[PDB]
Amino acid sequence: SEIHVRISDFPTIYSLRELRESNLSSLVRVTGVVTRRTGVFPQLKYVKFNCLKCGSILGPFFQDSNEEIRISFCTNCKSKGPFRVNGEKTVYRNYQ
Amino acid sequence: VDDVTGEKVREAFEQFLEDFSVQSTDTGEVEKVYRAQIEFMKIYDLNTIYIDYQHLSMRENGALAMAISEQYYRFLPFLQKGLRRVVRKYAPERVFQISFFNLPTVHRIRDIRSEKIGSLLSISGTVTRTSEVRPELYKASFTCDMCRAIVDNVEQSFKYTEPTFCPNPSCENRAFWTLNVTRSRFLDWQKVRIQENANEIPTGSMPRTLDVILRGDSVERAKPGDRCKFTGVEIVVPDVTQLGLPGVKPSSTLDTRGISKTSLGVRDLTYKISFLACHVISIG
Amino acid sequence: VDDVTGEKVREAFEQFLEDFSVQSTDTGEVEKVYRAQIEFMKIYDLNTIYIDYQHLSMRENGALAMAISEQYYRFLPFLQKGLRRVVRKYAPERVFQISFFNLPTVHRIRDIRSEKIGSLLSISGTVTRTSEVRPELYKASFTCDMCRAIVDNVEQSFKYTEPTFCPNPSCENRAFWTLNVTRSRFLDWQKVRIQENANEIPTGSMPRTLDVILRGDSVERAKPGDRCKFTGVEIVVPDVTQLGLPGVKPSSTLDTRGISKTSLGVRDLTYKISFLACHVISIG
């Protein structure tokens, strides 16, 4: 249920050190050589809470890139649901 | 199907009042006569119509006569919508009341049962202890403060509060009101309380009260100590004090065989027959 | 009075650069030459000006020369405002930097005292351990969510947060930010760190560092292992780690001999001299 797309040939190579304030929220091509890195961690993509007070699970969401927050109150007259994400039924997306 | 039923009766109604309504010759009571009632309403700007039942009893050979008379409460907005499109065809803020009259058979209070719910009926009795005149909302402007609060909405039916879905923007279900006490469209209604005729009661018991609500045109037309004829629609009002009657009275414990786990918002309901009327004629 | 002082110097400055600037004959270096710098800037659209100090040393017989050179930090927005009105007179989003050069007397790091705060001074030394290039806000769009959040505002001076008065609408003082990370105007600055010349230090002690900030035009012009000449304005940066020096260091316990009764938000302050520069020439 998802395909994200590629963009191949964007014809203005800024090497480095030409990044300035104006290029933010733009589309930039850069060359370089890869230094150290980290492992592969999972990041959450669909979240399913469950209110401990009013029984059962709530339902999926799509959040975020990148906020990861903070769904408060519903389905039990908006109270008093201190929530907790469960480790089951939430699809993760890997990160590096 | 059912929308094809109600829309089908709607187009048959538009087709009804657009056509001829007077059968009489030059010695009359000339044609049409409905368009004289619309235009005669347009000159004075009073926003009601008085239509008869007998003319609708003439035309369809009783087929449509047996379609409004039973499920009348189902057929308000289709009827009022079709009449509004006739008005926008033949005329240039509008609140329309469609008050029937001149029904065949008059019933008393004793002939009230509960199989006759929804329908039309002619009730005759005696007015005693009328009340005063107070407004009523029926046109909401109520949405949440974060952020948009400009939603015109429901509570035409008595709830009253509040708007439920498509909220707010952006505070979702069930964020709702604060309401607004300056952006609405009101009308006024009183609650007279009829008492049974003296020349009718079965020997021997006591007279029997009934409640009745008047909206819109028929405010103030009643008179303390006079006989009346009313108009049928006969709604049901929620009642409280009939507990320990004895029962067994039902209850409405909601279902939980859906949602899968990892409170008790059950309710009671007990109902008494009131009456709702819109045309008051004082012959008696 | 003081606004008449700064406005008086402002109109004398507008009067200065509008007039003649070249004394030379046809064998030149012809007239004007400032308008060639504005229009030559208009053809390429790069938004800075390089003006000399010696020409301003010529004209006024040193009166206005002794009015910008002392209280320079007081006289940014009046100067930049008057130059903006000259631009709207002779030209069609604008950020203007007014970088002086060619000063008479060059000082070292040892001649820095604290009576010379605010003024202009020519510092010469050796660049070592430059840093990288990062943005900075200085153009806020920050107001409260109930309701209006479209106020362009302060934090040109380093605070950073937040807007204080005229709040929100309608949440009053001191309701403020959430800020906005998409409605601002940024520029970029780095922080090189100069080190004292080898042929100057008083025998015998060790070399002495100093910090220096470059904004706008003079990013990236410095070079690790080369001599420089800078531009004077010499701000004061808040410092922490000088506690238990010994003192006695002051403190700022606010007054309460006003407000009549029916908490202790007192603070510390300790400051170290940094330097701020805008023109970098690499002669050495």
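Cut-offs and rules
By convention in this text, residue numbers begin from 1 on each chain and track the written sequence, not necessarily the entry numbering, and residues missing coordinates are not displayed. Chains carry letters from A onward and ligands carry numbers from 1 onward, assigned in written order. For clarity, the chains displayed are a part of a larger assembly, and the values are limited to that part. As a rule here, side-chain values cover all heavy atoms of the structure and leave hydrogens and water aside. Residues with missing side-chain atoms are left out of burial classes, side-chain pairs and their counts. For the purposes of this entry, the term helix denotes a DSSP run of H or I that reaches at least four residues, the term strand denotes a run of E that reaches at least two, and both are numbered from the N terminus. The globule rule is 2.2 Å times the number of residues to the power 0.38, and the radius of gyration it is compared with is taken over C-alpha atoms. Contact criterion: two residues are considered in contact whenever any of their non-hydrogen atoms come within 4.5 Å of each other. UniProt positions are given in the numbering used here, feature names are shortened, and annotations may be inferred rather than shown by experiment. Amino acids outside the nonpolar list (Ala, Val, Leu, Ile, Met, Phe, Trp, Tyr, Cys, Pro) and the charged list (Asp, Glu, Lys, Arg) are all regarded as polar, and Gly is one of them. Here the bounds of each domain stem from an automatic or database domain assignment. Ring pairs shown here join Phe, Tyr and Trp side chains whose ring centres sit within 6.5 Å, with only the six-membered ring taken for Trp; geometry is labelled stacked below 30 degrees between planes, edge-to-face above 60, and tilted in between. Cation placement over rings: the criterion is NZ of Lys or CZ of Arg within 6 Å of the ring centroid and within 35° of the ring normal. Strands qualify as paired when DSSP identifies two bridges or more between them.

### A look at the overall build of chain A
Part 1 of the argument: The helix and strand tally for chain A stands at zero helices and two strands.
Part 2 of the argument: Whereas a compact globule of 96 residues would reach a radius of gyration of roughly 12 Å, chain A reaches 20 Å, over 25% beyond that.
Part 3 of the argument: In terms of overall dimensions, chain A has a C-alpha envelope of 55 × 30 × 25 Å along the principal axes.
Part 4 of the argument: Across chain A, contacts joining residues at least 24 apart in sequence account for 44% of those joining residues at least 6 apart.

### Topic: the UniProt feature "zinc finger region: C4-type" in chain A
Part 1 of the argument: UniProt records the feature "zinc finger region: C4-type" for residues 51-77 of chain A in the present numbering.
Part 2 of the argument: Its end C-alpha atoms 12 Å apart, residues 51-77 of chain A is made of 0% helix and 0% strand.

### As for the interface of chain B and chain A
Interfaces are often described in size by the accessible area the parts lose on coming together.
Part 1 of the argument: Contacts between the two partners involve five residues from chain B, matched on the other side by five residues from chain A.
Part 2 of the argument: Looking at the side of chain B that touches chain A residue by residue, the class counts come to one nonpolar, three polar and one charged.

### Quick look at the environment of B:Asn102
Part 1 of the argument: Tracing the sequence through the fold places B:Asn102 in the loop between strand 2 (98-99) and strand 3 (106-107).
Part 2 of the argument: Linking B:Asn102 and B:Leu187, residues 85 residues apart in sequence, is a C-alpha distance of 26 Å.

### Overview of the domain arrangement of chain B
Part 1 of the argument: Segmenting chain B into domains produces domain 1 (1-105), domain 2 (106-134 + 188-239 + 270-284) and domain 3 (135-187).
Part 2 of the argument: Computed from C-alpha coordinates alone, the two centres of domain 1 of chain B and domain 3 of chain B are separated by 32 Å.

### Structural notes on the packing of aromatic side chains
Residue and element names in this part refer to chain A.
Part 1 of the argument: Ring centres of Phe-49 and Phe-83 lie 5.8 Å apart, and the angle between their planes is 35°; this geometry places the pair in the tilted category. Separated by 34 residues along the polypeptide, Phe-49 in the loop between strand 1 (41-44) and strand 2 (92-95) and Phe-83 in the loop between strand 1 and strand 2 bring together distant segments of the chain.
Part 2 of the argument: An aromatic cluster is built from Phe-49, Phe-61 and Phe-83, whose rings are joined through pairwise contacts.
Part 3 of the argument: Positioned above the aromatic ring of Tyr-46 is the side chain of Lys-45, whose terminal nitrogen or guanidinium carbon lies 5.5 Å from the ring centre.

### Focus: the sheet that holds strand 14 (residues 276-277) of chain B
Residues and elements named next belong to chain B.
Part 1 of the argument: As summarised here, the arrangement of the four strands in space is 5-8-10-14, forming an open sheet in which the pairing is mixed. Only two strands of the sheet have a single neighbouring strand rather than two, namely strand 5 (134-136) and strand 14.
Part 2 of the argument: Both strand 5 and strand 8 (residues 187-192) contribute to a ladder of three bridges, which runs antiparallel. Paired with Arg-134 across the bridge in strand 8 is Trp-189.

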